[PDB]
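Chains as they are written, first to last, in the entry's author numbering: chain O, 349 to 397; chain N, 387 to 434.
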């Protein structure tokens with residue numbers, strides 16, 4: 349039981365680490381997408397002009 | 387001694403089950419991270 353719970357806690361800690369990494373990269377990519385879209389819209393109105 | 391031993395054995399079963407659940411969640415979210423980082427590469431390219 350002791351060693352099973354050892355593996356349990358190792359897995360849980362690494363899983364929480366990875367969930368935080370998930371949130372991190374998700375926000376990174378959301379901001380990247382918004383920047384790209386704004387740049388493209390600038391391009392488009394530049395094209396109308 | 388036998389009573390306590392049997393209790394410990396069934397609690398062993400439960401702990402093994404929960405360990406396997408932890409492994410499942412860990413590996414699934416690991417796959418998720420792989421996919422998300424691929425997507426990250428793609429969208430950085432696209433913003434460029």
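Backbone N, C-alpha and C fix where the C-beta goes; we use that ideal spot for every residue, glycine too.
How is residue i classed by DSSP in three states: helix, strand or coil?
{"i": "residue 395(N)", "result": "helix"}
{"i": "residue 397(O)", "result": "coil"}
{"i": "residue 410(N)", "result": "helix"}
{"i": "residue 387(N)", "result": "coil"}
{"i": "residue 434(N)", "result": "coil"}
Might you give, ordered along the chain, the residues of its own chain that have their beta carbon closer than 7 Å to the beta carbon of residue i, omitting 5 neighbours on each side?
{"i": "residue 392(O)", "result": "none"}
Nearest chain N C-beta to residue i closer than 8 Å, yes or no?
{"i": "residue 355(O)", "result": "yes"}
{"i": "residue 391(O)", "result": "no"}
{"i": "residue 362(O)", "result": "yes"}
{"i": "residue 376(O)", "result": "yes"}
Kindly say whether residue i, judged by its beta-carbon, lies nearer than 8 Å to any beta-carbon of chain O.
{"i": "residue 404(N)", "result": "yes"}
{"i": "residue 420(N)", "result": "no"}
{"i": "residue 433(N)", "result": "yes"}
{"i": "residue 396(N)", "result": "no"}
{"i": "residue 426(N)", "result": "yes"}
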